[PDB]
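Trainee: Here the working numbering is used: position 41 in the sequence shown is 95, and no number is missing along the way. Note that CB positions come from ideal geometry on N, CA and C, so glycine has one too. One structure coming up, written as structure tokens, with questions to follow.
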Amino acid sequence: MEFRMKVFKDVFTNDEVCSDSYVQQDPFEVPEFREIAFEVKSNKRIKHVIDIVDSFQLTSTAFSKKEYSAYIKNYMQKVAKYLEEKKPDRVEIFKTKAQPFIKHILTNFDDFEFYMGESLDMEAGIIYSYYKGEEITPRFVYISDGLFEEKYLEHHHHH
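Written out as structure tokens, the structure is:
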């Protein structure tokens, strides 16, 4: 029996933070944002918890708007640096397309919750989540250039 799954890992910690079990969508329904980020819908998982958070062992962290600004600046440079070395064809697109995205987050700062990976590394990728309208479960947003994809085809379930 063969098992298939594509996972998404932080390029610094290698933590799994998402999978292809979750359909991707434009962050905040903004097509322009899709170039450097993607959004997925979470659901309730019974003993209830959020499937995304539970499945990938994420942990919510508290940011003040100032603390986050400090973080995101360093992280963007950290990721851009990574791109220069590992994926240079993404360097300018990342820098360019991230501007409106980060501003939208800051501008709507109070709407967001923030999560760390299993490594709890405050220097790595932060997973964003917010509630759309009156929806009961949150939606999670990922900065995709801080991630890499890894396909798995095993004779046992992936863990």
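(1) Can you tell me whether DSSP reads residue 109 as helix, strand or coil?
(2) Can you give the beta carbon distance from residue 194 to residue 181, rounded, assuming they're within the 8 Å contact cut?
(3) Using the C-alpha atoms, what's the distance from residue 189 back to residue 96?
(4) Would you please state the rounded distance, in angstroms, between the beta carbons of residue 57 and residue 210? I believe it to be under 8 Å.
(5) Just how far apart, CA to CA, sit residue 73 and residue 203?
(6) Would you kindly work out how many angstroms separate the C-alpha atoms of residue 185 and residue 207, rounded to a whole number?
(7) Counting only the same chain and skipping the five closest in sequence on each side, list residues whose C-beta sits under 8 Å from that of residue 153.
(8) So does the segment 105 to 120 actually touch the segment 172 to 179, counting three or more Cβ pairs closer than 8 Å?
Mentor: From the atom records:
(1) Assignment of residue 109 by DSSP, reduced to helix, strand and coil, places it in the helix class.
(2) 6 Å
(3) The straight-line gap from Cα to Cα measures roughly 10 Å.
(4) Contact flag correct, Cβ pair sits at about 6 Å.
(5) For residue 73 and residue 203, the distance between alpha carbons rounds to 9 Å.
(6) In this structure, the CA atom of residue 185 is about 34 Å from the CA atom of residue 207.
(7) none
(8) yes
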